[PDB]
Every structure is written in structure tokens, then in C-alpha cells.
Amino acid sequence: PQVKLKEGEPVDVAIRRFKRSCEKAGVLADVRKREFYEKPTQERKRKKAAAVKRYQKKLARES
Amino acid sequence: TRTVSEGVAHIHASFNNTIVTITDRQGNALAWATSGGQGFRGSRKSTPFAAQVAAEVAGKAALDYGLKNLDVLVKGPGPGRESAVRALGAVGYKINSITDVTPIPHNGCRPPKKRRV
Amino acid sequence: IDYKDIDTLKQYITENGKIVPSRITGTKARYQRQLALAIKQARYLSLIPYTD
Amino acid sequence: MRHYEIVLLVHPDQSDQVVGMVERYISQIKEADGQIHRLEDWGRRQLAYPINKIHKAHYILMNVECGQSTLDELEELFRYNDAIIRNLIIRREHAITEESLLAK
Amino acid sequence: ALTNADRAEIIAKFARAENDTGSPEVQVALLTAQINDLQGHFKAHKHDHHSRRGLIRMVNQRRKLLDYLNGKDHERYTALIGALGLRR
RNA sequence: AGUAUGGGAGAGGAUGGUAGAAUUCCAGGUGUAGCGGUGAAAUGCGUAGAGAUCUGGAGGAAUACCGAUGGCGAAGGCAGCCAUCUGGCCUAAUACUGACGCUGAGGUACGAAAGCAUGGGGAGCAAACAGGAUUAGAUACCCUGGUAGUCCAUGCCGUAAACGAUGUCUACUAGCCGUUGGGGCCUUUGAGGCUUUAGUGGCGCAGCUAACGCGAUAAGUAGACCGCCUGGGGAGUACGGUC
Ligand SMILES: NCCC[C@H](N)CC(=O)NCCC[C@H](N)CC(=O)NCCC[C@H](N)CC(=O)N[C@@H]1[C@H](O)[C@@H](OC(N)=O)[C@@H](CO)O[C@H]1NC1=N[C@@H]2C(=O)NC[C@@H](O)[C@H]2N1
């Protein structure tokens, strides 16, 4: 992140630029994933469902 | 007694508690307050309001050491990070930077088992 | 790609130092594999940082 | 034989010794057999991250062609020499002679 | 491993004609050389089963070609097994 | 069906070395009352100083991002980087052998995880077990700990919803839209468009099916060989035998 703040930037606006920086980074998603161990079977099922959803989205947006 | 002008604010936010530690640069601690200290026992530790109160207390305590501009680092998920950093600014500090430093393994140790609730 | 091509490597690296996925930059798969290998070799050689 | 590309990182305090070691490595390669197709000295570069609490290092780039015994000897020398803090060895097809980037 | 020169020497020695690379003699000689070469590898890498599968395939192919040559011409079969040292 | 020669992609296998992040422990600097945990709590840790924060050490295990309805392998399976040894596959055109083929009862090789034997290792996790909760009871789900094991070397065991619940090989039968590795052709300066081939996906005509559905990766149309089924329980059990 390293959100450095300008002379005219208010404290609240600086914090807002910050949560956008961190939401773009998506570190909290990794933190959520790390907290409990997920079995390889469940991981494979999750990725399979994600791929199916991505292909459905592609088809829907194309037509 | 010792006078410092620049400082660092460490926010340890979790799903259970928030800890605010004010250090000088080079990491030597000056003041610290947590949601547990200001009442809010048990489940009440994790609310953003308790984090705001703890951050205000820590900033007021560091003002005696007398530093005016600080750099904040946020480590951890959970409520209270944004409220705590807002409270530090509302005390009268000038925040110089704000960044996330939560540790992320490169697939290291195995996490605990999933809870079946 | 080659690992000494540091500016081109930085073209495909975010500000955290993470590698950008192919879906975002429109890269070909074969070119992306070489780019990732070059990035890892440069990281080991310390021409670009691992993190940050 | 086979073609290899070698990158050496040298402690800046011992940069005065780089010429001697590179001459002796090239001499070993030549007396055994093979060629040197590229020698480059990138100079005193800053590191992206510290290695053994050091922030700068001397970079040497070699493109050579040599045999298995020579490769083993060079690896042993790089391992046991203390001026060398990191080394990378990469097999290549065909010999590269053109002046690389990062030479400056 | 064997090189192009080594393979060319075997092909030249066992060739039955000009540019003959497909005869059972040439094929069996090439397979025998490769099998004898790989025994050094499998001495130091005893637990490499994935490559041992390919080695077994080479052995089976040599056996099939030897049986075919024995069926076609017995004299050529005996000459080839004698020249290569195979027991059968 | 196979061989020689050029070129190409790959987490295919075996051995050794090495890099960065993180967890745990140890020592030290700052510093002072909590920390941790839950639905709420408690067991537990802390004024011989915890938690937090900074610097430095020790050790083990696993490789974020790339990452993909992607890739490789007979299957089981295979992901940081580098070197060494090594198997298969794809692709072009010539040259060569001349049916050398397909399948396969017995047999034999490999074969997740757990488990066993001998010797090492042990960070994290965690059967058994201990304590705290919940409950009418709780032997469990939740919480704090924690041994075998998970890791390495050398062997054994031979079982999984080992699944596409779909044996292997061959030929033929509308089309449309993706994607991976190659070959060819065309535009015209560099990126696009047509084809062709080997994989991997989504629809879908005919045909098939009890229906669901399958539909050139068939469960369609045919041929070769093998394995298996004959109501539900008793029962993959008893006796005998092999290991
Ligand atoms: N030449 C060699 C090539 C080898 C390679 N294998 C290629 C090949 O040969 N393929 C053959 C296709 C057969 C296929 N396996 C049968 C099938 O697909 N379902 C089994 C029939 C059950 C039932 N009659 C249909 C059914 O319930 N459907 C569901 C359904 O649509 C949907 O579920 C929900 N909740 O809405 C979806 C989302 O999960 O899941 C499907 N279920 C599944 N989708 C999976 C899938 O395709 N595979 C693996 C497994 O996971 C499959 N189950």
C-alpha cells in the first residue's frame, strides 16, 4: 500500500484512499483463506465451480 | 521525559480484540491501550467503538511524550481498524502514511481444522 | 523473455511485486510462462524485490 | 560440450579481487578445454533486498562453453569462495556473444 | 546416453542395404544398444519406475522383432543373435 | 504396425543443491496491565513482566502471486528456482522393413490415504487421552492442551465413491462456438483471417434410451477379444486353501 498523504488531503479522505488501496490489493481475502485448512478435494470442487461460473458469465455477456 | 516528534502507530485488529501501540521510529514503544482495558469485557472487545476508544486513549497518552505526526500500520482483519485510524487523526495527529502489513505465508504451515458449528 | 530485461519485467508486476494474471494484460499463455520464469529468476538474482 | 551462463554476486568490500578470480576461472576453463563467449561486468549495483545485511554487490556475467568436470570444479569454487555471495548457473542452447542489456 | 555417431555406427554395421534403417537386424541392434546403455542409469536410480516402463517397452519390442525374424528366416535370426550376444 | 534424420511443448520420473514469505521456540531493547478464546463463557497464559513492537539466532515442513473448463502421466498421481541422469508425446518431408497386428484365461509390474518393521527427525497440525463448556444425559459437535502419525532412509501391506459409477482396438455418421501444442496458406510490416492435425470443453440434427440423458471424447451404426450379472437378506460371511 504505502498510501502517502498530500498537504490538502483530509484524514478521512486519506483513510478512504487507503481502503481502496487495500481492497484493490485483496490481502484480507488471503487472510480469510489462510485461517482454516481446506482439503484438496474441496479446493478442486471450488475451482471447478468457479470455472463453470466464469464460462457461463462469458456466454451471457457475449450473448 | 524523552521527546520524539515522529512516531509509528501499530494497530493489531482481530475478530476478538484490538490493540493500539504507539512507538517511536526504530520500534521502541511509548504507549499502548486495548479494548479490554477500557471495559468492554468479553465479546464487547471487537466492536469498532471500543477500538476507537482505545485509539483515542493511546493517542492522548502519546501526546504527553509530545509527537505531532505519526505513520500508522494496520495488521490483521476484523472490525476496528478503520475506526481506530480515524480516532488517531481525530485526536489531533498528522498521519503521514497508512499501509497494511498483515503477514501472508507463501504456503508455509498447515492451518487448524475447520470448525463444524 | 529474459531475466535481464528488467523494465519489461516491471511492466508485468504490481506495486506489491506480485505477478499480473494473463486475463488482465491480454498475454499469450506461452509468453506468460516465460515471463513468470524470468520474473522468478530475477527475484532470485535480486534485481527485483520478492515482496513490496 | 555444453553452453552455460553464470551470474556471480561479489561482496563490495572484496571488489578489488574480482579481476584475479575471473582471470583464474577463465584460465581454468581454457586449460581444461572450451571457450568464453561473453564476459560482462555490470558493476556495483544496489540489491532489491539485503543479502547477509549487505545492500550492494558486484555483478559478473559469463557465457562459456565447457565440460562436466569443469562445471563441477567451477561450482565447487563458487561454493567455497567467500567473496561470492550468490551465483546462478543456467544451461543454454547455442552460444550467446552479443552485448547484453544491463551492461551500460 | 548414445549419440548420433554411435547410432550411425550400429546402423552401418548391421544394414542389409543402402539407407536400410528399417530391417529387423538394425532395429534389434539399436534396441540392444539402448537397453545395455540404460542398465547404468537404473543402477543409480533404482526407484525410477516411470523410465523402467519405457525400458520394458524396448524389451518387448525387441522380443517381437526377434520372433518375426525367426519366422521369416532362421539363418538370419541365428546370425543376429550370435552377433549381438543375446541368449534367445 | 514399426525404424533413421530436423524441430517443438510439458507440475512426467530419480538424485543433489539453493532462495523468499510465514508459524513455533530462544536471547536481548522499549514498555505496562491485561492477553487468549466463545453464541456467551470457562479451562489456559501474565507483575520472577505477559500480549504488542524492534533487532538477532535455531529448526522443521510447505512452496503466495503466475494459476487457467490450463499442462504432463497407463492408472495411482505430479507446482518455488538451478544442475545432473532419464521415459513418453507432438510436428514436416523424404528414405527404409514389409502384416512384423488387435485382444488376452493363467502370470507379472505399478498402485491414494491409513497401517506395520528397523533407524533418524519433529516447526505446524492432530486419532487416542486430559481438562473447560453445552446438555435431561454428552461418552460428541465448541474451547484450552496434547501422543502416535503426518516428514526422511530401507522394506512390507495391495485396499478406496481407485468414478466418466462408461474394458481395449478399428472404421463410418449434420452442424455451431471456445481453448492447449504444432504444420500450411493469405494479407501486408505485424498483427490479423482461413484451413489441417493431436488433445481438452460448451451446445446441438439424425440415431439411441424406461426416463434422466448420450450425441465424432456416443450410451449412434458395425467388427475382434477379454471381464462380469441372473430377486432382496443370510453374505464378500462360514469351512478349506494361497499370501
Ligand atoms: N474419452 C475419455 C474422456 C474422459 C473424460 N472423463 C471425459 C468423459 O468421458 N466425460 C463423460 C461425461 C460423464 C459425466 N461424468 C456424467 C455427469 O456429468 N454426471 C453424472 C450423472 C448424474 C446425473 N444424471 C446428472 C447430474 O446430477 N448432473 C450434475 C448437474 O448438472 C449439476 O449439479 C447440480 N447440483 O445442479 C452439476 C454441477 O456440479 O454437476 C453435474 N454432475 C456432474 N458433473 C460432473 C462431470 O461432468 N464429471 C465428473 C463428476 O463430477 C460429474 N457429475
Side-chain angles (χ1 to χ4, degrees), chain A residues 30 33-34 37 47-48 50-52 54-56 58-59 62-63, chain B residues 8 10 12 14 16-17 19-24 26-32 34 36-37 42-43 103-113 115-117, chain C residues 12-14 16-23 29-30 32-33 35-37 39-41 43-44 46 49-51, chain D residues 4 49 51 68 71-72 75 79 86-91, chain E residues 1 4 7-8 11 15-27 30 38 40-42 44-57 61 64-65 67-69 71-72:
Chain A
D30 314 333
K33 280 324 156 203
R34 272 311 189 291
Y37 173 85
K47 265 142 199 233
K48 197 38 217 305
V52 177
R54 287 194 268 99
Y55 193 78
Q56 295 307 325
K58 188 160 127 133
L59 280 204
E62 242 107 69
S63 300
Chain B
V8 193
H10 291 105
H12 193 271
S14 98
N16 279 339
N17 197 11
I19 304 185
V20 203
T21 278
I22 288 296
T23 49
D24 71 334
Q26 288 74 251
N28 277 299
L30 303 178
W32 71 259
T34 88
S43 55
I104 281 305
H106 295 0
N107 274 31
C109 313
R110 182 181 178 120
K113 48 199 280 203
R115 306 166 83 244
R116 309 184 292 280
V117 314
Chain C
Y12 302 95
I13 282 150
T14 88
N16 321 322
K18 302 214 262 153
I19 308 170
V20 195
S22 208
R23 26 186 274 261
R30 207 161 65 81
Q32 175 87 38
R33 298 199 289 274
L35 152 62
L37 178 73
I39 282 176
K40 288 165 189 157
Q41 297 169 318
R43 276 180 189 169
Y44 170 78
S46 204
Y50 264 94
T51 60
Chain D
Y4 298 96
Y49 54 87
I51 289 111
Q68 176 77 6
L71 192 71
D72 289 345
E75 241 275 346
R79 179 185 307 290
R86 198 160 281 182
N87 73 283
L88 182 60
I89 300 195
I90 283 185
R91 178 144 183 238
Chain E
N4 284 19
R7 274 187 299 277
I11 288 153
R16 277 193 101 61
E18 205 47 355
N19 316 123
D20 167 59
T21 71
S23 35
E25 279 89 351
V26 172
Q27 298 198 33
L30 281 181
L38 272 172
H41 166 88
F42 285 110
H45 298 278
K46 147 177 219 213
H47 288 294
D48 187 8
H49 309 292
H50 287 63
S51 290
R52 219 189 267 281
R53 251 191 101 238
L55 179 78
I56 296 311
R57 193 217 263 211
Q61 192 75 12
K64 286 164 156 163
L65 285 164
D67 295 336
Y68 167 75
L69 186 61
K72 287 298 262 175

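Keep in mind that the numbers below use all heavy atoms, side chains included, and drop hydrogens, waters and symmetry copies. Throughout, a chain's letter reflects where its sequence line sits, starting with A, and its residues are numbered from 1.
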Is the distance from OP1 or OP2 of [N] to the nearest side-chain N or O of [X] less than 4.0 Å?
| X | N | value |
| --- | --- | --- |
| C:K40 | F:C82 | no |
| B:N107 | F:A22 | no |
| B:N16 | F:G37 | yes |
| E:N4 | F:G6 | yes |

Separation of [N] [atom2] from [X] [atom1] (nearest whole Å):
| X | N | atom1 | atom2 | answer |
| --- | --- | --- | --- | --- |
| E:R7 | F:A95 | CZ | P | 22 Å |
| C:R23 | F:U69 | CZ | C1' | 15 Å |
| E:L30 | F:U5 | CG | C1' | 12 Å |
| E:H45 | F:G12 | NE2 | P | 18 Å |
| A:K33 | F:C65 | NZ | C1' | 16 Å |

Side chain of [X] only, heavy atoms from C-beta on: which candidate in [options] is closest?
| X | options | result |
| --- | --- | --- |
| E:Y68 | F:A4, F:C100, F:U84 | F:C100 |
| C:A36 | F:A19, F:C65, F:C66 | F:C66 |
| B:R115 | F:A126, F:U69, F:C143 | F:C143 |
| D:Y4 | F:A83, F:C66, F:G31 | F:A83 |

**Message:** Does E:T21 contact F:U3 through a side-chain donor or acceptor facing the base, at a distance under 3.5 Å?
**Reply:** yes
**Asked** Looking at F:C65, does its base get a donor-acceptor pair with the side chain of C:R43 below 3.5 Å?
**Response** yes
**Request:** Using Watson-Crick or G-U wobble geometry with both distances below 3.5 Å, tell me the partner of F:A216, or none.
**Result:** none
